[PDB]
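**Student:** Got a structure for you, questions after.
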Amino acid sequence: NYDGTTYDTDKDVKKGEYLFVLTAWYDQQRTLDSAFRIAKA
Amino acid sequence: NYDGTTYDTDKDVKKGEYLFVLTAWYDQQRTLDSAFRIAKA
Amino acid sequence: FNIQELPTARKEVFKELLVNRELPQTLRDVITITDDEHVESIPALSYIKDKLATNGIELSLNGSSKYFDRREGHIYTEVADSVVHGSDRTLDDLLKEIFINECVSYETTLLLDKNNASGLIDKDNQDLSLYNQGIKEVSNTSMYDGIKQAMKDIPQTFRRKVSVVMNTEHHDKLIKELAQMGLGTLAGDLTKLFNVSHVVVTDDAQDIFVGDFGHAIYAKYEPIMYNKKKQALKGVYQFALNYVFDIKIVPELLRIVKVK
Amino acid sequence: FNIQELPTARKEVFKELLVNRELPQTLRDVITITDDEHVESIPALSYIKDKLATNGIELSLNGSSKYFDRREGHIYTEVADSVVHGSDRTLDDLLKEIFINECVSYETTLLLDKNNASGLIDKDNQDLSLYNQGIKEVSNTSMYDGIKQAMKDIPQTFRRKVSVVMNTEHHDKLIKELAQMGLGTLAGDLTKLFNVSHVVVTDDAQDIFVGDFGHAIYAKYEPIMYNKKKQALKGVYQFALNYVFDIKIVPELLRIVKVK
């Protein structure tokens with residue numbers, strides 16, 4: 001799930017750069033644990 | 001008294017905070033200091 | 001898209017700003033500069049080397065690939081507070097007092113300093129020390145007699161245009177050595193004493209130089225951007241300029257001096 | 001209500017009146033001044049301290065709360081008689097001869113005098129003596145050698161702009177010390193002898209000063225009122241002006257000298 005995003009711009013005068021940042025929030029999860037198993041030697 | 005005010009917004013991008021800041025100027029003085037007293041025991 | 005170019009009509013304000021001769025004590029009095037984008041190599045090189053070739057001397061490629069390269073320059077300041085910006089005139093004259101002083105001083109560090117190809121000067125700006133460039137020395141006990149020997153090993157074609165640089169600690173000297181041998185009145189008129197043009201004296205220089213600095217130390221500056229920003233916590237702005245520069249040397253016309 | 005404001009169009013006559021450089025022998029030749037109401041603090045302070053911070057030195061707040069304060073100034077005269085006022089031109093030139101002389105002289109007393117933070121100078125105007133400000137001393141037997149030591153402990157960034165002040169009793173000296181060591185011809189051209197700009201000589205000063213007075217001794221004046229009155233018993237008027245002034249110091253750039 002990606003719930004929302006926000007994008008904005010500015011300058012960093014000391015180094016000259018522009019930043020062009022992006023921030024957002026998300027979650028991921030396994031509905032059940034008997035669904036996803038692991039192998040191993 | 002208060003001379004005059006200054007108000008401006010600001011955004012720090014790297015952290016996400018919005019900043020609202022105020023600055024003005026002032027002074028306060030008493031006309032005569034003999035008119036006032038302190039009680040004590 | 002958001003970014004806006006600096007208006008060209010505002011640029012030429014800064015072109016004459018970067019290059020300026022108004023200050024008293026700098027090599028900018030004597031060296032060649034410009035602001036033209038098109039020029040790619042020292043313009044006069046051809047007329048030089050053939051005239052040198054008339055003599056036994058001719059050029060060793062001490063500078064590789066004569067075509068220039070683009071080296072960066074950067075400025076930064078912080079105005080004290082908007083009260084300075086609340087007015088107009090004192091602001092505008094304050095900035096020009098700064099840049100000229102900073103730009104002029106910065107090229108001067110790269111050339112004359114004893115930093116000698118390390119330390120404070122960035123390693124990106126590290127070849128261009130004249131000590132590091134490979135000039136031959138002259139030596140003599142008497143400094144007066146010393147530099148006659150060095151003005152005169154110059155090719156006689158370009159001897160007519162030559163200029164000497166000197167430290168004040170050296171300036172106090174020769175007027176003493178003269179007085180003992182006389183010519184005190186002549187002293188204080190160095191240009192007459194040694195036929196030269198544009199004698200210079202400063203303090204950042206550590207050792208004496210001679211040579212036609214008009215043709216040797218060609219350079220050029222070119223601006224890029226001028227930025228401006230408010231900072232709200234403090235009352236300050238953040239002004240700054242960044243540009244590009246580059247410079248060249250012809251050490252054969254120059255000679256260093258070193259007295260004992 | 002009766003009171004009438006001074007017309008603004010008449011004020012700027014007095015703004016250029018308070019500040020004037022036309023006179024021969026004053027520190028007004030070298031120091032910074034202005035007449036702008038808006039400015040609240042030394043304009044260049046930011047560019048200074050960071051450059052000083054390049055060196056190990058940096059500022060101690062010898063002046064508290066950089067924002068200016070309003071100190072008062074007052075003038076008073078009595079014209080001899082209306083016969084002077086019966087005419088026009090000789091009147092007008094007489095006044096300007098007075099004020100400039102009085103205003104200029106008064107700030108000069110506060111700075112240089114041996115009154116040293118007491119006595120004739122009001123206790124309200126009692127910090128601003130340079131002796132009272134806390135500058136460090138330099139000492140040497142030879143005054144010629146003495147001040148080389150003091151020009152040279154200055155930060156090399158602002159060494160290019162420096163100016164020396166001197167008393168005539170000191171002026172007669174060094175030309176004697178030179179003659180014994182030679183350079184008599186050079187003597188009489190002090191600016192050449194010590195690389196400096198704007199050397200000054202007066203008589204009110206008691207001891208030798210060195211430092212970049214262009215950036216250190218910023219000041220400002222502002223007029224308030226000009227009054228006029230008839231006095232009928234005598235034939236006299238009562239002219240007077242009162243204004244406001246204030247001033248600042250940066251002692252790190254300055255150095256006092258004291259020879260033995």
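Labels for the structure tokens follow display order: chains A, B, ..., residues from 1 in each chain, ligands from 1.
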Set the distance at 8 Å and use only C-alpha atoms: which residues neighbour stretch 82-89 of chain C once local chain neighbours fewer than 3 positions away are removed? I'd like the list as a ChimeraX atom specification.

**Tutor:** /C:79,92-93,235-237 /D:38-40,43

**Student:** Find the residues near residue D:245: any atom within 12 Å, counting only C-alpha atoms, skip ones fewer than 5 places away on the same chain, and give them as a ChimeraX atom specification.

**Tutor:** /D:18-19,33-37,68-74,103-104,106-107,125,218-224

**Student:** Store the residues picked out above, limited to C-alpha atoms, as a PDB file, in the first residue's frame.

**Tutor:**
```pdb
ATOM      1  CA  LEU D  18      27.285  67.944   9.350  1.00  0.00           C
ATOM      2  CA  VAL D  19      29.420  65.578   7.282  1.00  0.00           C
ATOM      3  CA  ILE D  33      30.520  58.116   8.068  1.00  0.00           C
ATOM      4  CA  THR D  34      27.013  58.436   6.692  1.00  0.00           C
ATOM      5  CA  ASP D  35      23.705  60.212   7.120  1.00  0.00           C
ATOM      6  CA  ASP D  36      21.180  57.372   6.514  1.00  0.00           C
ATOM      7  CA  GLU D  37      18.461  56.899   9.112  1.00  0.00           C
ATOM      8  CA  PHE D  68      23.287  51.838  17.793  1.00  0.00           C
ATOM      9  CA  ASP D  69      22.170  54.150  20.569  1.00  0.00           C
ATOM     10  CA  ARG D  70      21.166  57.793  20.241  1.00  0.00           C
ATOM     11  CA  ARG D  71      23.580  60.238  21.875  1.00  0.00           C
ATOM     12  CA  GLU D  72      22.897  63.959  21.765  1.00  0.00           C
ATOM     13  CA  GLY D  73      24.860  66.839  20.303  1.00  0.00           C
ATOM     14  CA  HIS D  74      24.378  70.545  20.822  1.00  0.00           C
ATOM     15  CA  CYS D 103      30.999  69.337  14.864  1.00  0.00           C
ATOM     16  CA  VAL D 104      34.220  68.037  13.484  1.00  0.00           C
ATOM     17  CA  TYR D 106      33.770  67.648  19.024  1.00  0.00           C
ATOM     18  CA  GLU D 107      33.898  64.039  17.834  1.00  0.00           C
ATOM     19  CA  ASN D 125      30.394  60.415  26.394  1.00  0.00           C
ATOM     20  CA  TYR D 218      32.021  53.828  11.313  1.00  0.00           C
ATOM     21  CA  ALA D 219      29.724  56.615  12.473  1.00  0.00           C
ATOM     22  CA  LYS D 220      26.553  58.463  11.579  1.00  0.00           C
ATOM     23  CA  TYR D 221      24.991  61.855  12.209  1.00  0.00           C
ATOM     24  CA  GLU D 222      21.383  62.947  11.953  1.00  0.00           C
ATOM     25  CA  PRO D 223      19.978  66.470  12.459  1.00  0.00           C
ATOM     26  CA  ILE D 224      16.836  67.272  14.402  1.00  0.00           C
TER      27      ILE D 224
END
```

**Student:** Just the strand (DSSP E) stuff from stretch 6-234 of chain C, please, per backbone DSSP, written as number ranges by chain.

**Tutor:** C: 71-74, 137-140, 163-165, 208-211, 219-227

**Student:** Within 10 Å of chain A, which residues of chain B come that close, and what is the closest atom pair and distance in Å for each? Count only C-alpha atoms and give it as a tab-separated table.

**Tutor:**
```
residue	atom	partner	partner_atom	distance
B:11	CA	A:10	CA	9.5
B:12	CA	A:10	CA	9.4
B:13	CA	A:10	CA	7.7
B:14	CA	A:21	CA	8.1
B:16	CA	A:23	CA	9.0
```

**Student:** Quick check, in Å to one decimal: how far apart do atom CA of residue C:191 and atom CA of residue C:162 lie?

**Tutor:**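 Taking atom CA of residue C:191 and atom CA of residue C:162, their separation equals 11.1 Å.
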
**Student:** Mind doing a quick least-squares superposition of chain B onto chain A, all C-alpha atoms paired one-to-one in order, and writing it out as a PDB file with N, CA, C and O atoms, in the first residue's frame?

**Tutor:**
```
ATOM      1  N   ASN B   1       1.389  -1.477   0.161  1.00  0.00           N
ATOM      2  CA  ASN B   1       0.646  -0.300  -0.251  1.00  0.00           C
ATOM      3  C   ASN B   1       1.430   0.972   0.023  1.00  0.00           C
ATOM      4  O   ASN B   1       2.443   0.968   0.726  1.00  0.00           O
ATOM      5  N   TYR B   2       0.916   2.064  -0.535  1.00  0.00           N
ATOM      6  CA  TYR B   2       1.499   3.388  -0.406  1.00  0.00           C
ATOM      7  C   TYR B   2       0.381   4.373  -0.114  1.00  0.00           C
ATOM      8  O   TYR B   2      -0.596   4.445  -0.866  1.00  0.00           O
ATOM      9  N   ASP B   3       0.528   5.134   0.968  1.00  0.00           N
ATOM     10  CA  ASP B   3      -0.533   6.045   1.373  1.00  0.00           C
ATOM     11  C   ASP B   3      -0.605   7.252   0.449  1.00  0.00           C
ATOM     12  O   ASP B   3      -1.601   7.455  -0.254  1.00  0.00           O
ATOM     13  N   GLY B   4       0.444   8.058   0.430  1.00  0.00           N
ATOM     14  CA  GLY B   4       0.438   9.271  -0.359  1.00  0.00           C
ATOM     15  C   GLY B   4       1.802   9.915  -0.348  1.00  0.00           C
ATOM     16  O   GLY B   4       2.572   9.769   0.605  1.00  0.00           O
ATOM     17  N   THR B   5       2.077  10.648  -1.418  1.00  0.00           N
ATOM     18  CA  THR B   5       3.408  11.144  -1.720  1.00  0.00           C
ATOM     19  C   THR B   5       3.532  12.635  -1.458  1.00  0.00           C
ATOM     20  O   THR B   5       2.543  13.364  -1.353  1.00  0.00           O
ATOM     21  N   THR B   6       4.782  13.073  -1.358  1.00  0.00           N
ATOM     22  CA  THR B   6       5.127  14.474  -1.197  1.00  0.00           C
ATOM     23  C   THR B   6       6.369  14.759  -2.018  1.00  0.00           C
ATOM     24  O   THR B   6       7.368  14.044  -1.903  1.00  0.00           O
ATOM     25  N   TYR B   7       6.306  15.807  -2.833  1.00  0.00           N
ATOM     26  CA  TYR B   7       7.381  16.161  -3.745  1.00  0.00           C
ATOM     27  C   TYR B   7       7.578  17.662  -3.734  1.00  0.00           C
ATOM     28  O   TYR B   7       6.619  18.417  -3.916  1.00  0.00           O
ATOM     29  N   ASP B   8       8.818  18.094  -3.529  1.00  0.00           N
ATOM     30  CA  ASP B   8       9.138  19.508  -3.616  1.00  0.00           C
ATOM     31  C   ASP B   8      10.601  19.680  -3.983  1.00  0.00           C
ATOM     32  O   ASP B   8      11.451  18.864  -3.624  1.00  0.00           O
ATOM     33  N   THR B   9      10.876  20.748  -4.716  1.00  0.00           N
ATOM     34  CA  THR B   9      12.233  21.108  -5.081  1.00  0.00           C
ATOM     35  C   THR B   9      12.842  22.000  -4.006  1.00  0.00           C
ATOM     36  O   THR B   9      12.184  22.405  -3.049  1.00  0.00           O
ATOM     37  N   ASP B  10      14.122  22.306  -4.178  1.00  0.00           N
ATOM     38  CA  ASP B  10      14.829  23.177  -3.254  1.00  0.00           C
ATOM     39  C   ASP B  10      16.176  23.521  -3.859  1.00  0.00           C
ATOM     40  O   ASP B  10      16.736  22.744  -4.638  1.00  0.00           O
ATOM     41  N   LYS B  11      16.683  24.692  -3.487  1.00  0.00           N
ATOM     42  CA  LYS B  11      17.991  25.163  -3.915  1.00  0.00           C
ATOM     43  C   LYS B  11      18.779  25.595  -2.692  1.00  0.00           C
ATOM     44  O   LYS B  11      18.312  26.433  -1.915  1.00  0.00           O
ATOM     45  N   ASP B  12      19.966  25.024  -2.524  1.00  0.00           N
ATOM     46  CA  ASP B  12      20.931  25.508  -1.551  1.00  0.00           C
ATOM     47  C   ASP B  12      21.845  26.504  -2.244  1.00  0.00           C
ATOM     48  O   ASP B  12      22.599  26.136  -3.149  1.00  0.00           O
ATOM     49  N   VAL B  13      21.781  27.757  -1.814  1.00  0.00           N
ATOM     50  CA  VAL B  13      22.428  28.831  -2.549  1.00  0.00           C
ATOM     51  C   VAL B  13      23.928  28.816  -2.320  1.00  0.00           C
ATOM     52  O   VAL B  13      24.710  28.961  -3.265  1.00  0.00           O
ATOM     53  N   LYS B  14      24.345  28.659  -1.068  1.00  0.00           N
ATOM     54  CA  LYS B  14      25.754  28.793  -0.724  1.00  0.00           C
ATOM     55  C   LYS B  14      26.614  27.757  -1.429  1.00  0.00           C
ATOM     56  O   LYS B  14      27.796  28.008  -1.688  1.00  0.00           O
ATOM     57  N   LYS B  15      26.047  26.595  -1.743  1.00  0.00           N
ATOM     58  CA  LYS B  15      26.775  25.526  -2.410  1.00  0.00           C
ATOM     59  C   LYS B  15      26.481  25.442  -3.896  1.00  0.00           C
ATOM     60  O   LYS B  15      27.344  25.000  -4.660  1.00  0.00           O
ATOM     61  N   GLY B  16      25.282  25.828  -4.316  1.00  0.00           N
ATOM     62  CA  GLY B  16      24.875  25.769  -5.698  1.00  0.00           C
ATOM     63  C   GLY B  16      23.984  24.597  -6.040  1.00  0.00           C
ATOM     64  O   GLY B  16      23.357  24.607  -7.104  1.00  0.00           O
ATOM     65  N   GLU B  17      23.909  23.596  -5.172  1.00  0.00           N
ATOM     66  CA  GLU B  17      23.132  22.408  -5.478  1.00  0.00           C
ATOM     67  C   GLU B  17      21.653  22.724  -5.611  1.00  0.00           C
ATOM     68  O   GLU B  17      21.109  23.561  -4.887  1.00  0.00           O
ATOM     69  N   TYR B  18      21.012  22.048  -6.551  1.00  0.00           N
ATOM     70  CA  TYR B  18      19.570  21.893  -6.575  1.00  0.00           C
ATOM     71  C   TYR B  18      19.220  20.558  -5.944  1.00  0.00           C
ATOM     72  O   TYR B  18      19.912  19.562  -6.168  1.00  0.00           O
ATOM     73  N   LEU B  19      18.154  20.542  -5.148  1.00  0.00           N
ATOM     74  CA  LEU B  19      17.697  19.335  -4.472  1.00  0.00           C
ATOM     75  C   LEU B  19      16.284  19.016  -4.913  1.00  0.00           C
ATOM     76  O   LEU B  19      15.384  19.852  -4.788  1.00  0.00           O
ATOM     77  N   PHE B  20      16.101  17.809  -5.427  1.00  0.00           N
ATOM     78  CA  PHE B  20      14.794  17.218  -5.632  1.00  0.00           C
ATOM     79  C   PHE B  20      14.635  16.082  -4.641  1.00  0.00           C
ATOM     80  O   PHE B  20      15.491  15.194  -4.567  1.00  0.00           O
ATOM     81  N   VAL B  21      13.547  16.113  -3.880  1.00  0.00           N
ATOM     82  CA  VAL B  21      13.343  15.205  -2.764  1.00  0.00           C
ATOM     83  C   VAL B  21      11.911  14.698  -2.804  1.00  0.00           C
ATOM     84  O   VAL B  21      10.992  15.429  -3.188  1.00  0.00           O
ATOM     85  N   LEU B  22      11.729  13.444  -2.405  1.00  0.00           N
ATOM     86  CA  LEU B  22      10.428  12.805  -2.340  1.00  0.00           C
ATOM     87  C   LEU B  22      10.248  12.193  -0.966  1.00  0.00           C
ATOM     88  O   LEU B  22      11.200  11.691  -0.363  1.00  0.00           O
ATOM     89  N   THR B  23       9.017  12.234  -0.478  1.00  0.00           N
ATOM     90  CA  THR B  23       8.656  11.440   0.682  1.00  0.00           C
ATOM     91  C   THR B  23       7.205  11.009   0.552  1.00  0.00           C
ATOM     92  O   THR B  23       6.354  11.774   0.091  1.00  0.00           O
ATOM     93  N   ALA B  24       6.951   9.770   0.957  1.00  0.00           N
ATOM     94  CA  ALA B  24       5.619   9.183   1.002  1.00  0.00           C
ATOM     95  C   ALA B  24       5.567   8.274   2.224  1.00  0.00           C
ATOM     96  O   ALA B  24       6.434   8.350   3.100  1.00  0.00           O
ATOM     97  N   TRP B  25       4.556   7.409   2.300  1.00  0.00           N
ATOM     98  CA  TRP B  25       4.440   6.481   3.419  1.00  0.00           C
ATOM     99  C   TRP B  25       3.873   5.148   2.955  1.00  0.00           C
ATOM    100  O   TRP B  25       3.163   5.074   1.951  1.00  0.00           O
ATOM    101  N   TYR B  26       4.182   4.093   3.711  1.00  0.00           N
ATOM    102  CA  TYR B  26       3.898   2.739   3.261  1.00  0.00           C
ATOM    103  C   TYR B  26       3.864   1.775   4.434  1.00  0.00           C
ATOM    104  O   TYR B  26       4.122   2.137   5.583  1.00  0.00           O
ATOM    105  N   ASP B  27       3.530   0.531   4.104  1.00  0.00           N
ATOM    106  CA  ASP B  27       3.887  -0.649   4.875  1.00  0.00           C
ATOM    107  C   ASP B  27       3.644  -1.851   3.986  1.00  0.00           C
ATOM    108  O   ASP B  27       2.897  -1.778   3.007  1.00  0.00           O
ATOM    109  N   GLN B  28       4.291  -2.958   4.333  1.00  0.00           N
ATOM    110  CA  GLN B  28       4.027  -4.230   3.686  1.00  0.00           C
ATOM    111  C   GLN B  28       4.030  -5.321   4.739  1.00  0.00           C
ATOM    112  O   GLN B  28       4.919  -5.365   5.594  1.00  0.00           O
ATOM    113  N   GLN B  29       3.021  -6.179   4.680  1.00  0.00           N
ATOM    114  CA  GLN B  29       2.880  -7.285   5.604  1.00  0.00           C
ATOM    115  C   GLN B  29       2.353  -8.482   4.840  1.00  0.00           C
ATOM    116  O   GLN B  29       1.760  -8.352   3.768  1.00  0.00           O
ATOM    117  N   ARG B  30       2.581  -9.650   5.412  1.00  0.00           N
ATOM    118  CA  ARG B  30       2.028 -10.886   4.900  1.00  0.00           C
ATOM    119  C   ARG B  30       0.748 -11.189   5.652  1.00  0.00           C
ATOM    120  O   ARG B  30       0.679 -10.999   6.870  1.00  0.00           O
ATOM    121  N   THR B  31      -0.270 -11.627   4.924  1.00  0.00           N
ATOM    122  CA  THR B  31      -1.521 -11.968   5.575  1.00  0.00           C
ATOM    123  C   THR B  31      -1.285 -13.111   6.548  1.00  0.00           C
ATOM    124  O   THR B  31      -1.299 -12.894   7.758  1.00  0.00           O
ATOM    125  N   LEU B  32      -0.995 -14.304   6.039  1.00  0.00           N
ATOM    126  CA  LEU B  32      -0.691 -15.472   6.855  1.00  0.00           C
ATOM    127  C   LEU B  32       0.765 -15.855   6.672  1.00  0.00           C
ATOM    128  O   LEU B  32       1.267 -15.882   5.545  1.00  0.00           O
ATOM    129  N   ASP B  33       1.425 -16.173   7.776  1.00  0.00           N
ATOM    130  CA  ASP B  33       2.820 -16.580   7.752  1.00  0.00           C
ATOM    131  C   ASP B  33       3.011 -18.086   7.647  1.00  0.00           C
ATOM    132  O   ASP B  33       4.144 -18.535   7.460  1.00  0.00           O
ATOM    133  N   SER B  34       1.946 -18.873   7.773  1.00  0.00           N
ATOM    134  CA  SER B  34       2.061 -20.313   7.591  1.00  0.00           C
ATOM    135  C   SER B  34       2.162 -20.704   6.130  1.00  0.00           C
ATOM    136  O   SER B  34       2.668 -21.787   5.824  1.00  0.00           O
ATOM    137  N   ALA B  35       1.690 -19.850   5.230  1.00  0.00           N
ATOM    138  CA  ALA B  35       1.691 -20.133   3.807  1.00  0.00           C
ATOM    139  C   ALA B  35       3.080 -20.112   3.190  1.00  0.00           C
ATOM    140  O   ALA B  35       3.230 -20.534   2.041  1.00  0.00           O
ATOM    141  N   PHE B  36       4.084 -19.620   3.907  1.00  0.00           N
ATOM    142  CA  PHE B  36       5.431 -19.461   3.389  1.00  0.00           C
ATOM    143  C   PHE B  36       6.406 -20.267   4.227  1.00  0.00           C
ATOM    144  O   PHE B  36       6.205 -20.458   5.427  1.00  0.00           O
ATOM    145  N   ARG B  37       7.464 -20.741   3.576  1.00  0.00           N
ATOM    146  CA  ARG B  37       8.446 -21.604   4.204  1.00  0.00           C
ATOM    147  C   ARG B  37       9.836 -21.250   3.697  1.00  0.00           C
ATOM    148  O   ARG B  37       9.997 -20.502   2.731  1.00  0.00           O
ATOM    149  N   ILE B  38      10.841 -21.810   4.362  1.00  0.00           N
ATOM    150  CA  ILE B  38      12.243 -21.645   4.003  1.00  0.00           C
ATOM    151  C   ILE B  38      12.858 -23.020   3.838  1.00  0.00           C
ATOM    152  O   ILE B  38      12.758 -23.855   4.741  1.00  0.00           O
ATOM    153  N   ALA B  39      13.547 -23.225   2.726  1.00  0.00           N
ATOM    154  CA  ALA B  39      14.312 -24.436   2.496  1.00  0.00           C
ATOM    155  C   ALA B  39      15.769 -24.209   2.864  1.00  0.00           C
ATOM    156  O   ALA B  39      16.292 -23.099   2.759  1.00  0.00           O
ATOM    157  N   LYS B  40      16.422 -25.282   3.294  1.00  0.00           N
ATOM    158  CA  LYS B  40      17.776 -25.201   3.809  1.00  0.00           C
ATOM    159  C   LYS B  40      18.384 -26.592   3.793  1.00  0.00           C
ATOM    160  O   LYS B  40      17.670 -27.594   3.870  1.00  0.00           O
ATOM    161  N   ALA B  41      19.710 -26.636   3.702  1.00  0.00           N
ATOM    162  CA  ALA B  41      20.466 -27.880   3.803  1.00  0.00           C
ATOM    163  C   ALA B  41      21.460 -27.815   4.957  1.00  0.00           C
ATOM    164  O   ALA B  41      21.597 -28.767   5.724  1.00  0.00           O
TER     165      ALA B  41
END
```

**Student:** What does the structure give for the distance between atom CA of residue D:6 and atom CA of residue D:32, in Å to one decimal?

**Tutor:**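 Computing it gives 27.3 Å between the two atoms.
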
**Student:** Report as a PyMOL selection string the set of chain C residues whose atoms approach chain D to within 9 Å, with distances computed over only C-alpha atoms.

**Tutor:** chain C and resi 24-25+77-80+83-84+86-87+90-91+94+98+105+168+171-172+175-176+178-180+184-188+201-204

**Student:** Write out the residues from the selection above, keeping N, CA and C atoms, as a tab-separated table (two decimals), in the first residue's frame.

**Tutor:**
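So the final result, stored in again_35.tsv, reads:
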```tsv
chain	number	residue	atom	x	y	z
C	24	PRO	N	44.85	49.15	-5.62
C	24	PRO	CA	46.24	49.62	-5.68
C	24	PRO	C	47.29	48.58	-6.05
C	25	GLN	N	47.38	47.51	-5.27
C	25	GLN	CA	48.56	46.64	-5.24
C	25	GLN	C	48.19	45.23	-5.66
C	77	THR	N	28.70	34.48	0.99
C	77	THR	CA	28.61	35.51	2.01
C	77	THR	C	27.30	35.35	2.76
C	78	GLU	N	27.23	36.04	3.89
C	78	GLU	CA	26.00	36.15	4.67
C	78	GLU	C	25.86	37.59	5.12
C	79	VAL	N	24.88	38.29	4.55
C	79	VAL	CA	24.55	39.62	5.02
C	79	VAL	C	24.08	39.52	6.46
C	80	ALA	N	24.34	40.57	7.23
C	80	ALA	CA	24.05	40.53	8.66
C	80	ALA	C	22.55	40.42	8.92
C	83	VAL	N	17.91	44.62	7.69
C	83	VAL	CA	18.00	46.06	7.87
C	83	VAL	C	18.96	46.65	6.86
C	84	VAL	N	20.04	45.93	6.57
C	84	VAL	CA	20.93	46.32	5.49
C	84	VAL	C	20.19	46.27	4.17
C	86	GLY	N	16.86	46.53	3.91
C	86	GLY	CA	15.76	47.48	3.91
C	86	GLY	C	16.06	48.72	3.09
C	87	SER	N	17.33	49.14	3.06
C	87	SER	CA	17.79	50.22	2.20
C	87	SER	C	18.37	49.65	0.91
C	90	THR	N	23.64	51.49	0.17
C	90	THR	CA	24.71	50.90	0.97
C	90	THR	C	24.80	49.39	0.74
C	91	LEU	N	23.67	48.75	0.44
C	91	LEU	CA	23.70	47.36	0.02
C	91	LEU	C	24.55	47.19	-1.22
C	94	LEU	N	28.15	47.56	-1.00
C	94	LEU	CA	28.79	46.61	-0.11
C	94	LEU	C	29.20	45.35	-0.86
C	98	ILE	N	33.07	43.39	-1.91
C	98	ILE	CA	33.43	42.07	-1.43
C	98	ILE	C	34.03	41.26	-2.56
C	105	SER	N	41.88	38.38	-4.78
C	105	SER	CA	42.76	37.72	-3.83
C	105	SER	C	42.95	36.25	-4.16
C	168	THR	N	57.71	44.34	0.47
C	168	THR	CA	58.09	45.54	1.21
C	168	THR	C	59.32	45.30	2.05
C	171	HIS	N	61.70	46.06	-0.22
C	171	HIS	CA	61.68	47.48	-0.57
C	171	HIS	C	62.52	48.29	0.39
C	172	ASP	N	62.40	48.00	1.69
C	172	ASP	CA	63.22	48.70	2.67
C	172	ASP	C	64.69	48.46	2.43
C	175	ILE	N	66.98	50.72	-0.77
C	175	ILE	CA	67.15	52.15	-0.51
C	175	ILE	C	68.23	52.35	0.54
C	176	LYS	N	68.44	51.35	1.39
C	176	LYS	CA	69.60	51.35	2.27
C	176	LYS	C	70.88	51.11	1.49
C	178	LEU	N	71.47	51.66	-1.55
C	178	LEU	CA	71.75	52.81	-2.39
C	178	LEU	C	72.42	53.91	-1.58
C	179	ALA	N	71.77	54.32	-0.49
C	179	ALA	CA	72.30	55.40	0.34
C	179	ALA	C	73.78	55.26	0.65
C	180	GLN	N	74.23	54.05	0.99
C	180	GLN	CA	75.66	53.83	1.24
C	180	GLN	C	76.48	54.12	-0.01
C	184	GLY	N	70.72	58.71	-3.31
C	184	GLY	CA	69.58	58.74	-2.42
C	184	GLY	C	68.41	59.44	-3.06
C	185	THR	N	68.67	60.54	-3.74
C	185	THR	CA	67.61	61.27	-4.42
C	185	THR	C	67.01	60.43	-5.52
C	186	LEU	N	67.86	59.70	-6.25
C	186	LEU	CA	67.38	58.84	-7.32
C	186	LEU	C	66.50	57.78	-6.69
C	187	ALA	N	66.89	57.31	-5.51
C	187	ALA	CA	66.10	56.31	-4.81
C	187	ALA	C	64.76	56.93	-4.52
C	188	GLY	N	63.71	56.13	-4.52
C	188	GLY	CA	62.37	56.66	-4.37
C	188	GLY	C	61.79	56.91	-5.74
C	201	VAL	N	54.83	46.74	-5.84
C	201	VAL	CA	55.22	46.35	-4.50
C	201	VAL	C	53.97	45.86	-3.79
C	202	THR	N	54.08	44.71	-3.13
C	202	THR	CA	53.03	44.20	-2.26
C	202	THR	C	53.71	43.46	-1.11
C	203	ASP	N	52.92	42.67	-0.38
C	203	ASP	CA	53.40	41.92	0.77
C	203	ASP	C	53.16	40.43	0.69
C	204	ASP	N	52.18	39.97	-0.07
C	204	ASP	CA	51.94	38.54	-0.18
C	204	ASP	C	53.07	37.84	-0.92
```

**Student:** Could you list, as JSON, numbers by chain, every residue of chain C that has an atom within 9 Å of an atom of chain B, counting only C-alpha atoms?

**Tutor:** {"C": [231, 232, 233]}

**Student:** Using DSSP on the backbone coordinates, identify all residues within stretch 17-258 of chain C classified as alpha helix (DSSP H); present the result as a count of residues only.

**Tutor:** 73
